[PDB]
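**Q** Dropping the structure in here first, questions after.
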Amino acid sequence: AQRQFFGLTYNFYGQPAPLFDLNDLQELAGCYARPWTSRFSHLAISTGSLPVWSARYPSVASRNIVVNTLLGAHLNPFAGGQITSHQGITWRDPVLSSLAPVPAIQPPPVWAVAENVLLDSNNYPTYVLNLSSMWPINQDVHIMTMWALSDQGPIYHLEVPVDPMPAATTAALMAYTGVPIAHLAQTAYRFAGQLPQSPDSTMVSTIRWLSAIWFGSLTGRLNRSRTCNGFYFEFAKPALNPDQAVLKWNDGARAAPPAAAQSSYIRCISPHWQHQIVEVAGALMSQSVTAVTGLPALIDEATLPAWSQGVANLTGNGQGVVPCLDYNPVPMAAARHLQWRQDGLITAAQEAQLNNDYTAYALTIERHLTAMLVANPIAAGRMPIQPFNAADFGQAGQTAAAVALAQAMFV
Amino acid sequence: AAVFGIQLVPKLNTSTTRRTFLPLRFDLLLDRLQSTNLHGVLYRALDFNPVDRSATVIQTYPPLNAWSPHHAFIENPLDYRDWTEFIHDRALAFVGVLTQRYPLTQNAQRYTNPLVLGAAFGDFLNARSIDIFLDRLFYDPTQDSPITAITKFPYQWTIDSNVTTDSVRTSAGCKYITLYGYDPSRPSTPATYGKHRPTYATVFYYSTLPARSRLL
Amino acid sequence: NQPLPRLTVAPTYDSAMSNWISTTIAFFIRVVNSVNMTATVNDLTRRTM
């Protein structure tokens with residue numbers, strides 16, 4: 001199995017208490033059911049099937065970004081050792097099964113409102129003693145810490161063993177073909193979130209390879225022509241919502257295996273991530289892997305927020321680090337198209353349009369986040385949109401770097 | 001300071017180095033076993049009475065401490081007389097079984113495997129076929145001592161030495177065997193710790209850390 | 001508990017079960033050859049037991 005996880009809470013963006021409403025606690029972690037492996041029950045085959053627009057949570061990622069804040073205020077055990085309680089709320093039992101109003105006669109010591117508290121699955125001697133049971137809380141704090149170490153888009157991880165796909169990993173994928181990127185992260189997430197599965201387990205390879213192929217596609221390389229072992233993701237033609245992704249085992253030239261171990265931490269860099277069901281289901285999925293395998297190594301420090309420096313066990317700076325790249329959906333897709341255009345996939349006059357098509361699309365998932373941003377302030381104690389300042393949108397982050405990290409990953 | 005009822009003197013003092021684990025060569029194991037007197041070399045009467053050759057308890061060492069008797073040995077225990085005789089016999093007669101399968105002259109400079117050697121000897125006493133253990137009674141120091149037990153073979157059937165891919169479930173040794181005439185009643189008899197029993201523990205050897213998580 | 005065997009089985013006299021029957025049946029053999037028993041219960045009959 002795996003008995004060791006290190007987390008880091010969200011950052012109260014220049015704000016007092018944790019940016020989550022009581023109305024939220026009873027909107028995700030409520031109903032008394034275990035708020036744990038629920039993160040995914042708020043996503044659809046796409047975006048047009050969710051209440052992710054003008055509403056309490058105006059974003060295809062506004063849910064997790066909230067449930068994640070709510071998790072910070074109720075994770076004191078892993079911080080210090082005791083259970084504590086934040087505003088009349090504290091886990092019912094030592095197993096942290098769920099949340100519930102403070103008892104009445106034996107209330108837990110009121111939590112201490114502190115931002116960015118590190119976490120150690122050791123500071124809580126009961127966790128590992130029950131592992132199996134509260135297994136979920138692990139993979140979750142992990143999903144958290146991969147969004148917390150970042151400020152503008154979750155930071156997942158990518159791999160590619162120098163070997164060919166693990167047979168029973170080409171068989172497991174060939175049964176997930178038609179399935180959309182959403183339902184893939186689904187199985188991915190749903191999987192590594194119940195019963196400690198050994199990192200050796202088949203599924204981990206499969207769901208870890210499904211996070212390497214998704215990336216190759218997101219950067220042309222692993223396209224309809226140059227597939228992985230036979231797979232690649234086909235994105236919906238921009239003009240009718242290109243924010244899609246479906247796995248498709250083809251049979252064109254197989255992108256030869258890399259010359260070595262290709263590891264790197266990639267995170268969406270522009271606010272765009274917050275509303276692209278594919279930029280989340282994908283990233284979220286790549287995180288399903290890390291959750292049941294500790295954490296490859298230390299994520300490079302360089303490009304990362306101010307509250308994520310030398311974050312013990314997580315962030316690094318020295319050798320045990322892996323350069324962390326951050327791409328921008330538009331500056332990205334543009335090259336993703338150029339790649340297609342080069343492999344004869346499309347016409348030479350069709351990419352100067354494919355971009356128009358998609359670029360206008362990104363301009364739509366832009367006047368929307370800004371609207372929701374200047375709709376749900378932040379001083380309002382809530383953070384469904386997560387501040388971003390009308391700027392990062394164009395921000396041509398690493399991008400160019402990851403577009404190269406994709407080629408070396410699928411030579 | 002003091003922890004509960006125990007009082008702890010201020011000064012802290014521990015050994016400052018660890019001797020590199022040394023695996024017994026095949027010849028040394030052959031001499032240890034075939035020595036004039038096994039007492040001291042293999043087993044050692046904890047409280048041997050001078051007057052008469054009698055010993056309530058006997059703490060044992062390596063190729064013997066592994067062994068865990070079968071029911072017939074527990075019920076109707078022997079006296080320090082026939083006990084020395086029992087071993088002085090079996091220790092020798094065992095060297096035979098093991099040496100005829102590995103002529104000392106040609107392969108003495110080969111380290112025996114702590115684990116298998118234990119189960120291979122303990123199983124010999126209980127009178128269980130020892131054929132399988134011999135196959136890998138040796139191992140190159142480079143390959144882990146507990147790994148050779150797995151690499152050579154993932155044999156999950158031999159009672160008291162179930163070797164899986166990552167762990168080897170064997171019955172803990174018996175650092176103490178009690179010869180007839182032993183009683184935990186007297187305050188004088190040496191603290192056996194229940195190990196005079198056959199199955200008081202179950203040593204699970206593991207290969208790698210992930211192999212251990214799967215165990216716990 | 002022991003792992004299922006894929007070879008041939010033959011009633012063995014080792015194992016908790018087996019041992020439990022062997023030591024306990026060894027106890028009542030002691031109850032029968034004890035002082036009490038030995039004085040009361042007849043002799044030849046006590047052998048039969």
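Going through the structure tokens in order, the chains are called A, B, and so on, while each chain numbers its residues from 1 and the ligands are numbered from 1 in the order shown.
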Report the closest atom pair, with its distance in Å rounded to one decimal, for each residue of chain B that has an atom no farther than 8 Å from chain C; count only C-alpha atoms, sort by chain and then rising residue number, and write it as JSON lines.

**A**
{"residue": "B:70", "atom": "CA", "partner": "C:14", "partner_atom": "CA", "distance": 7.6}
{"residue": "B:71", "atom": "CA", "partner": "C:19", "partner_atom": "CA", "distance": 6.6}
{"residue": "B:75", "atom": "CA", "partner": "C:23", "partner_atom": "CA", "distance": 7.8}
{"residue": "B:156", "atom": "CA", "partner": "C:3", "partner_atom": "CA", "distance": 7.0}
{"residue": "B:157", "atom": "CA", "partner": "C:3", "partner_atom": "CA", "distance": 6.5}
{"residue": "B:159", "atom": "CA", "partner": "C:2", "partner_atom": "CA", "distance": 7.6}

**Q** Extract, using only C-alpha atoms, all DNA, RNA and protein residues at most 7 Å from segment 50-65 of chain B, discarding same-chain residues fewer than 5 positions from it, and format them as an MDAnalysis selection string.

**A** chainID B and resid 42:45 79:81 117:118 121:122 173:179 181:182

**Q** Residues of chain B within 10 Å of chain A, counting only C-alpha atoms, what are they? List them as a PDB file with N, CA, C and O atoms, in the first residue's frame.

**A**
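File produced: selection_37.pdb:
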ATOM      1  N   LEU B 209      10.172  -1.747   1.394  1.00  0.00           N
ATOM      2  CA  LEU B 209       9.212  -1.006   2.205  1.00  0.00           C
ATOM      3  C   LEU B 209       7.774  -1.155   1.699  1.00  0.00           C
ATOM      4  O   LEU B 209       6.856  -1.374   2.494  1.00  0.00           O
ATOM      5  N   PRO B 210       7.551  -1.025   0.376  1.00  0.00           N
ATOM      6  CA  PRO B 210       6.175  -1.179  -0.104  1.00  0.00           C
ATOM      7  C   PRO B 210       5.692  -2.594   0.203  1.00  0.00           C
ATOM      8  O   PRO B 210       4.498  -2.827   0.399  1.00  0.00           O
ATOM      9  N   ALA B 211       6.638  -3.528   0.248  1.00  0.00           N
ATOM     10  CA  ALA B 211       6.346  -4.928   0.551  1.00  0.00           C
ATOM     11  C   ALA B 211       5.871  -5.032   1.998  1.00  0.00           C
ATOM     12  O   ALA B 211       5.104  -5.927   2.361  1.00  0.00           O
ATOM     13  N   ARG B 212       6.339  -4.095   2.814  1.00  0.00           N
ATOM     14  CA  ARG B 212       5.995  -4.046   4.225  1.00  0.00           C
ATOM     15  C   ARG B 212       4.620  -3.422   4.460  1.00  0.00           C
ATOM     16  O   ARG B 212       3.874  -3.878   5.323  1.00  0.00           O
ATOM     17  N   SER B 213       4.288  -2.372   3.712  1.00  0.00           N
ATOM     18  CA  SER B 213       2.980  -1.739   3.864  1.00  0.00           C
ATOM     19  C   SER B 213       1.931  -2.817   3.627  1.00  0.00           C
ATOM     20  O   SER B 213       1.002  -2.995   4.421  1.00  0.00           O
ATOM     21  N   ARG B 214       2.104  -3.538   2.524  1.00  0.00           N
ATOM     22  CA  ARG B 214       1.210  -4.617   2.136  1.00  0.00           C
ATOM     23  C   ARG B 214       1.092  -5.660   3.252  1.00  0.00           C
ATOM     24  O   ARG B 214       0.051  -6.305   3.397  1.00  0.00           O
ATOM     25  N   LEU B 215       2.157  -5.817   4.040  1.00  0.00           N
ATOM     26  CA  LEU B 215       2.145  -6.761   5.155  1.00  0.00           C
ATOM     27  C   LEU B 215       1.325  -6.203   6.314  1.00  0.00           C
ATOM     28  O   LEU B 215       0.307  -6.787   6.684  1.00  0.00           O
ATOM     29  N   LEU B 216       1.764  -5.079   6.881  1.00  0.00           N
ATOM     30  CA  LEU B 216       1.049  -4.454   7.996  1.00  0.00           C
ATOM     31  C   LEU B 216      -0.437  -4.370   7.680  1.00  0.00           C
ATOM     32  O   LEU B 216      -1.287  -4.775   8.480  1.00  0.00           O
TER      33      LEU B 216
END

**Q** Restrict the calculation to only C-alpha atoms, then for each residue of segment 124-225 of chain A with any atom at most 12 Å from an atom of segment 334-346 of chain A give the closest atom pair and their distance in Å to one decimal, rows by chain and rising residue number, as a Markdown table.

**A**
| residue | atom | partner | partner_atom | distance |
| --- | --- | --- | --- | --- |
| A:215 | CA | A:336 | CA | 10.6 |
| A:216 | CA | A:336 | CA | 9.4 |
| A:217 | CA | A:336 | CA | 7.7 |
| A:218 | CA | A:336 | CA | 6.5 |
| A:219 | CA | A:336 | CA | 4.5 |
| A:220 | CA | A:336 | CA | 4.1 |
| A:221 | CA | A:339 | CA | 6.4 |
| A:222 | CA | A:339 | CA | 9.4 |
| A:223 | CA | A:340 | CA | 7.1 |
| A:224 | CA | A:345 | CA | 7.7 |
| A:225 | CA | A:345 | CA | 7.2 |

**Q** Write the residues of the preceding selection, restricted to C-alpha atoms, as a PDB file, in the first residue's frame.

**A**
ATOM      1  CA  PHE A 215      -0.525  15.616 -22.182  1.00  0.00           C
ATOM      2  CA  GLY A 216       0.985  14.525 -25.481  1.00  0.00           C
ATOM      3  CA  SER A 217      -2.346  15.323 -27.120  1.00  0.00           C
ATOM      4  CA  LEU A 218      -2.674  18.656 -25.330  1.00  0.00           C
ATOM      5  CA  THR A 219       0.520  19.564 -27.181  1.00  0.00           C
ATOM      6  CA  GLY A 220      -0.137  18.130 -30.637  1.00  0.00           C
ATOM      7  CA  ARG A 221       2.674  15.514 -30.542  1.00  0.00           C
ATOM      8  CA  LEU A 222       0.449  12.598 -29.504  1.00  0.00           C
ATOM      9  CA  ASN A 223      -2.077  13.341 -32.238  1.00  0.00           C
ATOM     10  CA  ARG A 224      -4.366  11.356 -34.528  1.00  0.00           C
ATOM     11  CA  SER A 225      -1.237  10.540 -36.544  1.00  0.00           C
TER      12      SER A 225
END

**Q** Fewer than 5 positions away in the same chain doesn't count, so skip those; otherwise give me all residues within 9 Å of residue 91 of chain B, counting only C-alpha atoms, as a list in words.

**A** residues 33, 34, 38, 86, 96, 121 and 125 of chain B

**Q** Please write the residues from the selection above to a file, keeping C-alpha atoms, as a PDB file, in the first residue's frame.

**A**
ATOM      1  CA  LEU B  33      27.657 -27.551  14.995  1.00  0.00           C
ATOM      2  CA  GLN B  34      30.291 -30.305  15.130  1.00  0.00           C
ATOM      3  CA  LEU B  38      27.566 -27.775  21.997  1.00  0.00           C
ATOM      4  CA  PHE B  86      19.746 -35.098  22.030  1.00  0.00           C
ATOM      5  CA  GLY B  96      25.725 -34.958   7.857  1.00  0.00           C
ATOM      6  CA  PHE B 121      17.884 -26.779  11.110  1.00  0.00           C
ATOM      7  CA  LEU B 125      14.943 -31.369  14.636  1.00  0.00           C
TER       8      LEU B 125
END

**Q** Expressed in Å to a single decimal, how great is the separation between atom CA of residue 9 of chain A and atom CA of residue 291 of chain A?

**A** 15.7 Å

**Q** Run DSSP on the backbone and tell me which residues of chain B come out as strand (DSSP E or B); list them as a PDB file with N, CA and C atoms, in the first residue's frame.

**A**
ATOM      1  N   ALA B   2      11.651  10.901  35.681  1.00  0.00           N
ATOM      2  CA  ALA B   2      11.073   9.578  35.901  1.00  0.00           C
ATOM      3  C   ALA B   2       9.865   9.315  35.011  1.00  0.00           C
ATOM      4  N   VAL B   3       9.819   8.115  34.447  1.00  0.00           N
ATOM      5  CA  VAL B   3       8.718   7.712  33.587  1.00  0.00           C
ATOM      6  C   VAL B   3       7.873   6.691  34.336  1.00  0.00           C
ATOM      7  N   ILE B   6       9.319   3.931  36.938  1.00  0.00           N
ATOM      8  CA  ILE B   6      10.763   3.848  36.712  1.00  0.00           C
ATOM      9  C   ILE B   6      11.474   5.198  36.799  1.00  0.00           C
ATOM     10  N   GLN B   7      12.641   5.194  37.436  1.00  0.00           N
ATOM     11  CA  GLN B   7      13.451   6.395  37.600  1.00  0.00           C
ATOM     12  C   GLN B   7      14.628   6.311  36.623  1.00  0.00           C
ATOM     13  N   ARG B  25      30.250 -18.208   7.616  1.00  0.00           N
ATOM     14  CA  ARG B  25      30.708 -19.001   6.477  1.00  0.00           C
ATOM     15  C   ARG B  25      30.175 -20.423   6.647  1.00  0.00           C
ATOM     16  N   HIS B  39      27.214 -27.040  24.283  1.00  0.00           N
ATOM     17  CA  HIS B  39      26.900 -26.070  25.331  1.00  0.00           C
ATOM     18  C   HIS B  39      27.846 -24.871  25.292  1.00  0.00           C
ATOM     19  N   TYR B  43      23.825 -23.953  22.336  1.00  0.00           N
ATOM     20  CA  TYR B  43      22.836 -23.644  23.364  1.00  0.00           C
ATOM     21  C   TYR B  43      23.605 -23.345  24.645  1.00  0.00           C
ATOM     22  N   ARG B  44      22.924 -22.817  25.658  1.00  0.00           N
ATOM     23  CA  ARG B  44      23.587 -22.515  26.928  1.00  0.00           C
ATOM     24  C   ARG B  44      22.645 -22.519  28.128  1.00  0.00           C
ATOM     25  N   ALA B  45      22.800 -23.509  29.007  1.00  0.00           N
ATOM     26  CA  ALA B  45      21.964 -23.612  30.205  1.00  0.00           C
ATOM     27  C   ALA B  45      22.017 -22.284  30.950  1.00  0.00           C
ATOM     28  N   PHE B  48      22.408 -23.640  35.135  1.00  0.00           N
ATOM     29  CA  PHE B  48      22.845 -25.017  35.318  1.00  0.00           C
ATOM     30  C   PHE B  48      23.264 -25.247  36.760  1.00  0.00           C
ATOM     31  N   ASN B  49      22.651 -26.241  37.388  1.00  0.00           N
ATOM     32  CA  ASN B  49      22.955 -26.567  38.769  1.00  0.00           C
ATOM     33  C   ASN B  49      24.230 -27.391  38.850  1.00  0.00           C
ATOM     34  N   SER B  54      21.609 -30.511  35.984  1.00  0.00           N
ATOM     35  CA  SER B  54      20.214 -30.129  35.814  1.00  0.00           C
ATOM     36  C   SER B  54      20.095 -28.649  35.461  1.00  0.00           C
ATOM     37  N   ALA B  55      19.191 -28.337  34.538  1.00  0.00           N
ATOM     38  CA  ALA B  55      18.973 -26.958  34.111  1.00  0.00           C
ATOM     39  C   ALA B  55      17.485 -26.708  33.852  1.00  0.00           C
ATOM     40  N   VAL B  57      15.961 -23.833  32.696  1.00  0.00           N
ATOM     41  CA  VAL B  57      15.796 -23.205  31.390  1.00  0.00           C
ATOM     42  C   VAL B  57      17.121 -23.147  30.650  1.00  0.00           C
ATOM     43  N   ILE B  58      17.047 -23.082  29.326  1.00  0.00           N
ATOM     44  CA  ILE B  58      18.235 -23.002  28.493  1.00  0.00           C
ATOM     45  C   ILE B  58      18.020 -21.989  27.382  1.00  0.00           C
ATOM     46  N   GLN B  59      18.808 -20.921  27.393  1.00  0.00           N
ATOM     47  CA  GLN B  59      18.701 -19.922  26.344  1.00  0.00           C
ATOM     48  C   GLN B  59      19.577 -20.423  25.194  1.00  0.00           C
ATOM     49  N   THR B  60      19.070 -20.320  23.971  1.00  0.00           N
ATOM     50  CA  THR B  60      19.811 -20.806  22.816  1.00  0.00           C
ATOM     51  C   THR B  60      20.290 -19.729  21.855  1.00  0.00           C
ATOM     52  N   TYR B 111      28.987 -18.239   2.261  1.00  0.00           N
ATOM     53  CA  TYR B 111      28.145 -17.840   3.384  1.00  0.00           C
ATOM     54  C   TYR B 111      26.775 -18.498   3.412  1.00  0.00           C
ATOM     55  N   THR B 112      26.469 -19.163   4.522  1.00  0.00           N
ATOM     56  CA  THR B 112      25.166 -19.793   4.679  1.00  0.00           C
ATOM     57  C   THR B 112      24.149 -18.664   4.840  1.00  0.00           C
ATOM     58  N   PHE B 138      22.786 -21.338   0.741  1.00  0.00           N
ATOM     59  CA  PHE B 138      23.830 -20.325   0.616  1.00  0.00           C
ATOM     60  C   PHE B 138      23.311 -19.130  -0.158  1.00  0.00           C
ATOM     61  N   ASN B 162       6.868 -19.838   4.837  1.00  0.00           N
ATOM     62  CA  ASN B 162       6.106 -19.476   3.642  1.00  0.00           C
ATOM     63  C   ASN B 162       6.797 -18.312   2.958  1.00  0.00           C
ATOM     64  N   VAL B 163       7.378 -18.583   1.803  1.00  0.00           N
ATOM     65  CA  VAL B 163       8.059 -17.542   1.072  1.00  0.00           C
ATOM     66  C   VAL B 163       7.149 -17.025  -0.030  1.00  0.00           C
ATOM     67  N   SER B 167       7.558 -11.284   1.202  1.00  0.00           N
ATOM     68  CA  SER B 167       7.735 -11.635   2.611  1.00  0.00           C
ATOM     69  C   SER B 167       7.889 -13.128   2.885  1.00  0.00           C
ATOM     70  N   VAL B 168       8.558 -13.444   3.991  1.00  0.00           N
ATOM     71  CA  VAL B 168       8.792 -14.828   4.393  1.00  0.00           C
ATOM     72  C   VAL B 168       8.224 -15.087   5.792  1.00  0.00           C
ATOM     73  N   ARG B 169       6.980 -15.568   5.869  1.00  0.00           N
ATOM     74  CA  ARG B 169       6.343 -15.841   7.162  1.00  0.00           C
ATOM     75  C   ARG B 169       6.809 -17.116   7.854  1.00  0.00           C
ATOM     76  N   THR B 170       7.643 -16.961   8.879  1.00  0.00           N
ATOM     77  CA  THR B 170       8.141 -18.105   9.640  1.00  0.00           C
ATOM     78  C   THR B 170       7.836 -17.917  11.127  1.00  0.00           C
ATOM     79  N   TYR B 176      14.484 -19.508  24.215  1.00  0.00           N
ATOM     80  CA  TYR B 176      14.449 -20.230  25.488  1.00  0.00           C
ATOM     81  C   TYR B 176      13.654 -21.528  25.387  1.00  0.00           C
ATOM     82  N   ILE B 177      14.279 -22.654  25.717  1.00  0.00           N
ATOM     83  CA  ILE B 177      13.554 -23.922  25.729  1.00  0.00           C
ATOM     84  C   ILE B 177      13.619 -24.350  27.191  1.00  0.00           C
ATOM     85  N   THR B 178      12.556 -24.971  27.687  1.00  0.00           N
ATOM     86  CA  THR B 178      12.538 -25.382  29.084  1.00  0.00           C
ATOM     87  C   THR B 178      12.559 -26.889  29.306  1.00  0.00           C
ATOM     88  N   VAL B 203       7.529 -14.115  13.134  1.00  0.00           N
ATOM     89  CA  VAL B 203       8.405 -13.193  12.439  1.00  0.00           C
ATOM     90  C   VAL B 203       8.104 -13.132  10.940  1.00  0.00           C
ATOM     91  N   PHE B 204       7.651 -11.968  10.479  1.00  0.00           N
ATOM     92  CA  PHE B 204       7.359 -11.741   9.064  1.00  0.00           C
ATOM     93  C   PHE B 204       8.533 -10.963   8.471  1.00  0.00           C
ATOM     94  N   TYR B 205       9.316 -11.597   7.609  1.00  0.00           N
ATOM     95  CA  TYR B 205      10.436 -10.898   6.985  1.00  0.00           C
ATOM     96  C   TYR B 205       9.947 -10.244   5.702  1.00  0.00           C
ATOM     97  N   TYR B 206      10.316  -8.988   5.470  1.00  0.00           N
ATOM     98  CA  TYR B 206       9.885  -8.332   4.243  1.00  0.00           C
ATOM     99  C   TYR B 206      11.046  -7.896   3.347  1.00  0.00           C
TER     100      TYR B 206
END
